[PDB]
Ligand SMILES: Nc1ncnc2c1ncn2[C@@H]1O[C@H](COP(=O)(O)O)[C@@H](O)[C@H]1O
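Single chain ahead, written as structure tokens, the form solved without the named molecule.
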């Protein structure tokens, strides 16, 4: 009953991936809430459970499928289903633990991992940092297979963690940032796989802080700058929402918008 968006790595093109990410954004955010031209995800406070999640059904050339569940309030992957088994990251709190009972409700085998699905924890489990995990259509094809075979013993934990890291960046971070979507489109267009450069990593790491700075800004002006990195690792200072309009596609809700207060 939650909305489902389908994507396959089989014969993926720039256009099919673009259509997919556009659909995911459409199901994450409603259009109610736009601050300086940038959409905001729904506020978790008071959000009915029937509106809390979306499902991303991923297929690959190997004819395998898995379904990821994303929380609309922050675009996080909270768990996944493959066949008759579902797995959820360790919940942050009791409300989240209750919420995930509403996902994959007829699956025969439900498991909750003891570990969370944040980047730091997943990198520790993978034995590799994001800067050393290749992304692209081949990585995603492989990730889907690894998730699919987990329940039968074919996938070691570090490979499972790597596979989550790939899915999260190629789906959640691409949905959060047009810039990251653009980086994945380029990989698909040239069928190349490559680890994310510092511009990608620093955006991933800064999403919450950027969301807050934009929402709490004075007419778009940040009280304090945010340091990002360029592709070559050099510093890029962000002082204003304006420079981020081509870059960030949606924000986590961090405060209510101030009154319009137009001149």
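Residue numbers count along the first chain shown, from 1.
The mean Cα B-factor in the deposited entry runs higher for 232-240 than for the other of 44-52 and 232-240. Taking only CA atoms, the mean B-factor in the PDB entry is higher for 27-35 than for the other of 27-35 and 200-208. Of the candidates 74, 163, 169, 84, the deposited coordinates give 84 the top C-alpha B factor. Per-chain ranking of the deposited C-alpha B factor places residue 214 in the lowest third.
Among the modelled residues of the chain, residue 245 sits in the highest third by CA temperature factor in this PDB entry.
For residue 173, the recorded CA B-factor ranks within the lowest third of the chain. Only modelled residues enter the ranking. Looking at the C-alpha B-factors along this chain, the one for residue 181 belongs to the lowest third. Residue-level temperature factors show residue 68 in the lowest third of its chain, judged at the C-alpha atom.
Beyond the structure shown, there is the form solved in complex with the named molecule, which is absent from this document and is the topic of what follows.
The named molecule in the deposited complex is approached by residue 168, whose closest heavy atom lies within 4.5 angstroms of it. Contact check for residue 118: a non-hydrogen atom falls within 4.5 Å of the named molecule in the deposited complex. Taking the partner from elsewhere, residue 76 is found to have a heavy atom lying within 4.5 Å of the named molecule in the deposited complex.
Though the partner is left out of this view, residue 30 does not reach within 4.5 Å of the named molecule in the deposited complex, counting heavy atoms only. Contacts of stretch 195-216 with the named molecule in the deposited complex, defined by any heavy atom lying within 4.5 Å, are made by 204, 205, listed in sequence order.
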